[PDB]
Amino acid sequence: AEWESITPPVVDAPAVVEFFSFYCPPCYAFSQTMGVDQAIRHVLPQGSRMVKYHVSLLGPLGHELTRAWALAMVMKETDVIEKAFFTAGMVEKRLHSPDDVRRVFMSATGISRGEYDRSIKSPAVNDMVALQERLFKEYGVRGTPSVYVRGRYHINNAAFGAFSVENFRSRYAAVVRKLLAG
């Protein structure tokens, strides 16, 4: 059950923040196969939110995915986009080029080619890319997945033990739950 205070804290932080990458196997596991993200959402106090931010440093398409995610966030389509990009990469192994990124985004959302091309570079998406890169530095992010609670506690992924997905998930969420208490 381990975690470390970050310094300095982030003010006005969402209750839970997770920095992740579509190239990060444990991120794939948290989101898509082990139900850790879901178990965390399940202990969110009323009114609190979990927000996910993509990190650019990892992999060939790092920056393109971050911008694609920025677009998802602007459009309120993170749910379908998250599932789509993990399937495309981890599962199907067909995320190699910038055209792939746009193709998967369009297929998941139904957005048109022309709207994607105009939107992907919109001021609002530009802002959301800025925000992701800004917060990477403020939270002191060092890798992925990096889960932060109330802008002050960084969960230590490497401090949990279990023989099963089910115990691992429960113990990870138990610690997040504890840190959300108040």
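Above this text is the structure in question.
I will try to describe carefully the structure that is included in this document. (Residues numbered from 1 in each chain as written, not as in the entry; some residues may be left out. Heavy atoms only, no water.)

## Overview of unusual backbone geometry
Move 1: Cis geometry marks the peptide bond from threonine 7 to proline 8, where omega comes out at 0°.
Move 2: Along the chain, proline 8 turns up in the loop between β1 (3-5) and β2 (16-20).
Move 3: A positive phi is found at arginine 150, a non-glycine position, where the angle reads about 45°.
Move 4: Assignment of secondary structure puts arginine 150 in the loop between β4 (146-149) and β5 (153-155).
Move 5: Residue classification places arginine 150 among the partly exposed positions, given a relative accessible area of 30%. (Helix = DSSP H or I, 4+ residues; strand = E, 2+ residues; numbered from the N terminus. Buried < 20%, exposed > 50% of the residue type's maximum accessible area, 1.4 Å probe, protein only.)

## A short note on the sheet that holds β2
Move 1: Overall, mixed pairing links the 5 strands, which are arranged β1-β5-β4-β2-β3 in an open sheet. Edge positions in the open sheet fall to β1 and β3 (50-54), since each of these has one partner strand only. Going across the sheet, the axis of each strand differs from the next one's by a mean of 25°, ignoring polarity.
Move 2: Contacts from helix α7 (residues 123-138) reach β2 and β3 within the one sheet, and its direction differs from that of β3 by about 95°. (Pairing = 2+ DSSP bridges. Axes fitted to C-alpha atoms, helices over the stretch in contact; angles between N-to-C directions. Contact = heavy atoms within 4.5 Å.)

## Points about the side chain of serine 31
Move 1: Considering the arrangement of structural elements, one finds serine 31 in helix α1 (residues 25-33).
Move 2: At 2.8 Å, the side chain of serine 31 forms a polar contact with the side chain of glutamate 82.
Move 3: If near-sequence neighbours (up to four positions away) are discounted, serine 31 is found in contact with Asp37, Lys52, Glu82 and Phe86. (Polar contact = N/O pair within 3.5 Å; in protein donor to acceptor, adjacent residues only side chain to side chain.)

## Looking at the packing of aromatic side chains
Move 1: Under the criterion given, the structure shown has 19 aromatic pairs.
Move 2: Where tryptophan 3 meets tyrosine 153, the ring centres are 4.9 Å apart and the plane angle is 75°; that geometry is what we call edge-to-face. Of the two residues, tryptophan 3 is situated in strand β1 and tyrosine 153 in strand β5; the sequence distance between them amounts to 150 residues.
Move 3: Taking relative accessible area as the criterion, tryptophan 3 reaches 34% and is therefore assigned partly exposed.
Move 4: On the basis of relative accessibility, which here comes to 14%, the residue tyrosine 153 falls in the buried class.
Move 5: Look at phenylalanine 20 and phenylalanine 86: their rings are 6.2 Å apart centre to centre, the planes differ by 55°, and that puts the pair in the tilted class. Pair noted here: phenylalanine 20 is in strand β2 and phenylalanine 86 is in helix α4 (residues 78-91), with a separation of 66 residues, a long-range link.
Move 6: Through a chain of ring-to-ring contacts, three or more aromatic side chains come together here, namely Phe20, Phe22, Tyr28, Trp69, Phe85 and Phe86.
Move 7: The cationic tip of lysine 52 hangs over the ring face of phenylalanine 20; the distance from NZ or CZ to the ring centre is 4.3 Å. (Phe/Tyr/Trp six-rings, centres within 6.5 Å; stacked < 30°, edge-to-face > 60°. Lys NZ or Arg CZ within 6 Å of the ring centre and 35° of its normal.)

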